[PDB]
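Trainee: part one of the complex, untouched from its place in the assembly:
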Amino acid sequence: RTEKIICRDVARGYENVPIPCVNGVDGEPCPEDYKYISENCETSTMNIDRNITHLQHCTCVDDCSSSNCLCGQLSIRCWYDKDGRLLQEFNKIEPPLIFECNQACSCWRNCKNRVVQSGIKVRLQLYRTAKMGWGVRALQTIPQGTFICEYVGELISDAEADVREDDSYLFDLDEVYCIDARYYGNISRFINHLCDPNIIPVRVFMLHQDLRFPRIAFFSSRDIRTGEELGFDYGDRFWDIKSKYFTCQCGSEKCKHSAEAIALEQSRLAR
């Protein structure tokens, strides 16, 4: 079998870079049961607070590289190095919310605290995996801490998420709001679960500071090689709903959710 480019850009020109799709595995055509969007959408009344006078903002007249930047101080510090990468010291167990600079700040649009709002810069590819359906892989080396993409979809309420039948694309922001990428989503809806993940989600605020709606940004948690599949840990809660339907195919020696890992735990509980 031969690899087959089946779409030049699944984003239809909406991202900074094209995101091609290939399938060198089976006969599945390019996925089209969803609407690609590059930014979050709403399908009910949400009234995101966008009052420009409500925004916390900085007075910096440099590039916001100093510890005096207010937006960095709201994040405890700015966690971006000079190349726009997330610092290794960033705490994954208890991450602070990231507050990027915004339209109320006195700084320029190219200051050092605007990584996520500047969008996708790495070359990604939608591709057919051997055992998980569609997936996303890197077409380049990606250093640790690099911004990858945002989890984009339909903003819905807690109550609406209870009503939704399919939560295979439902991200819990943790009233409680979620992002459902089932019907509307970006490239992130195709990122699979890995028990040994190489990206992590981070909560970020940019052009609004409405605390019901953090945006979810994925950053690499280690150096990523060309061709390597991207994935994050969906979390035990997702698997406590979903392992009755399918089991994990990540194949890692550390896999916590495989058919066998579940059976081994069940046999320890019996013994």
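Mentor: Now that the structure is in, tell me what you want to look at. Numbering: from 1, shown residues only, chains lettered A, B, ... in the order given.
Trainee: residues touching residue A:103, list them.
Mentor: A:52, A:55, A:207 (C-beta atoms under 8 Å, 6 or more residues apart in numbering). Using the backbone N, CA and C atoms, a C-beta is placed for each residue, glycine as well.
Trainee: in three-state terms, label it for me.
Mentor: Following DSSP: H, G, I helix; E, B strand; the rest coil, the label given to residue A:103 is coil.
Trainee: and the contacts of residue A:103, which is closest to residue A:117?
Mentor: Using C-beta to C-beta, residue A:207 is the member of those that lies nearest residue A:117, at 7.0 Å.
Trainee: just give me the neighbour total for the nearest residue in space to the closest one that is not next to it in sequence.
Mentor: Once flanking residues are discounted, residue A:207 sits nearest to residue A:102: 5.6 Å by C-beta to C-beta, 6 or more residues apart in numbering. Residues within reach of residue A:102, counting by other C-beta atoms under 10 Å, total 21.
Trainee: need the contact partners of stretch A:212-219.
Mentor: A:40, A:46, A:48, A:85-86, A:97-98, A:116, A:145-151, A:155, A:171, A:173, A:175, A:177, A:179, A:188, A:191, A:199-206, A:230, A:232.
Trainee: before we move on, back to that, close enough to count as contact, the residue nearest to residue A:207 and residue A:204?
Mentor: No: contact status for residue A:102 versus residue A:204: not in contact, 11.2 Å apart, counting by C-beta atoms under 8 Å.
Trainee: hmm, residue A:69 is touching residue A:78, no?
Mentor: Yes: between residue A:69 and residue A:78 there is a contact under C-beta under 8 Å: 6.4 Å.
Trainee: follow-up on the earlier one: which of the contacts of stretch A:212-219 are buried, as a PyMOL select command?
Mentor: Buried members of those, defined by 16 or more other C-beta atoms under 10 Å, are picked up in PyMOL with:
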select buried, chain A and resi 40+85+86+98+116+145+146+147+148+149+150+151+155+171+173+177+179+188+191+199+200+201+202+203+204+205+206+230+232
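Trainee: could you pull out the helices for the stretch 101-250 of chain A?
Mentor: A:158-163, A:236-242 (DSSP state H, counting those that start in this stretch).
Trainee: with the structure above as the base, add chain B:
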Amino acid sequence: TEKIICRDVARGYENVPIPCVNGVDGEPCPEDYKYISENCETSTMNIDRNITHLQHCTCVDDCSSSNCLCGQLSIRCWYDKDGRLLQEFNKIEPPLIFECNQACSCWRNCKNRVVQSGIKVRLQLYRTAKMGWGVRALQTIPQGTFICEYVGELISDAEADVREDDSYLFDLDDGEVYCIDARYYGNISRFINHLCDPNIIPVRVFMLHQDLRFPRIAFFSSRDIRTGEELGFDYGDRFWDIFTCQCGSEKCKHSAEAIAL
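Mentor: Alright, chain B goes in next:
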């Protein structure tokens, strides 16, 4: 002597820098406002942003055919292949323009996305002889070219009635009345002066939402504009009824001399 007093009054928010110069007097770069590249809110406007309420096209091409719903909503698509308004465009009573949006099936680079792609022409903020600050072209600009949007603070009818200074107040004009006030928050368009012989015209456009209470205001050149020419639109007789005009045209109808006659 002409001094450059700002490399970019937009602070990097537009596609191009917009420098400011002064070769007339001692006035420094204007700083009594906040530059913003898109409209802002200072109170709850409840703009309908429901993606399922958008009318949108099913175009599998570049939206240059007559089956594009978004062009049909605008009577036709009025943009030529270069993104300029057609010569047949009603420059006196323009129709509403519906550009393609996030619900359309077309690509982001189809032919119906001129205003949402932002400023392309090179402009300069500069100190005029008699009108304070103004905006001029640093290049020739063909007729029908998109210049910039009138950007500011969205305010209600009642809020506009309470405001003291309407020198930056654009009336969006059935239904609830709203205004764009660029006094406190605005982009480069807040500096465009009135001309009785204008060379740009405002056009109402819809892009990412279709809440008909809140058209966005796009300025297009109404004729070929020469390099160095000051940009201006006709503020309208209502503004002048509710300083005297220094436009200098032989057709100026708001001058001190005109008002006295």
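Trainee: please reconsider the contacts of stretch A:212-219 now that chain B is part of the model.
Mentor: Defining contact as C-beta atoms under 8 Å, 6 or more residues apart in numbering or on different chains, one finds that stretch A:212-219 is touched by A:40, A:46, A:48, A:85-86, A:97-98, A:116, A:145-151, A:155, A:171, A:173, A:175, A:177, A:179, A:188, A:191, A:199-206, A:230, A:232.
Trainee: let's see it at 7 Å
Mentor: A:48, A:86, A:97, A:116, A:145-151, A:155, A:171, A:173, A:175, A:177, A:179, A:188, A:199-206, A:232 (C-beta atoms under 7 Å, 6 or more residues apart in numbering or on different chains).
Trainee: report the separation between the closest residue to residue A:130 other than its chain neighbours and residue A:230.
Mentor: The spatially closest residue to residue A:130, leaving aside those adjacent along the chain, is residue A:25, at 6.2 Å (C-beta to C-beta, 6 or more residues apart in numbering or on different chains). Using C-beta to C-beta, to the nearest Å, residue A:25 is found at 17 Å from residue A:230.
Trainee: so which bits of chain A are right by chain B?
Mentor: Residues of chain A found near chain B (C-beta under 7 Å from any C-beta of the partner chain) are A:12-14, A:37, A:41-43, A:47, A:50-53, A:103, A:108-110, A:184.
Trainee: just checking, the residue nearest to residue A:130 touches residue A:131?
Mentor: No: look at residue A:25 against residue A:131 with C-beta atoms under 7 Å: they stay out of range, at 9.5 Å.
Trainee: so for the two, which sits in the more crowded spot?
Mentor: Applying other C-beta atoms under 10 Å in any protein chain shown to residue A:25 and residue A:131 shows that residue A:25 carries more neighbours, namely 16 against 11.
Trainee: could you look up the SS state of that one?
Mentor: Residue A:25 ends up coil, using three-state DSSP.
Trainee: can you flag which of the residues of chain A next to chain B belong to strands?
Mentor: Residues of the residues of chain A next to chain B located in strands (DSSP state E): A:41-42, A:184.
Trainee: for chain B, what is the nearest residue in the stretch 101-250 of chain A?
Mentor: residue A:109 (3.7 Å; C-beta to the nearest C-beta).
Trainee: distance of that residue from residue A:48?
Mentor: In this view, residue A:109 and residue A:48 are 21 Å apart by C-beta to C-beta.
Trainee: just residue A:235 next, same as before
Mentor: 26 Å.
Trainee: backbone phi and psi for residue A:22, please?
Mentor: phi -130, psi 160 (degrees, to the nearest 10).
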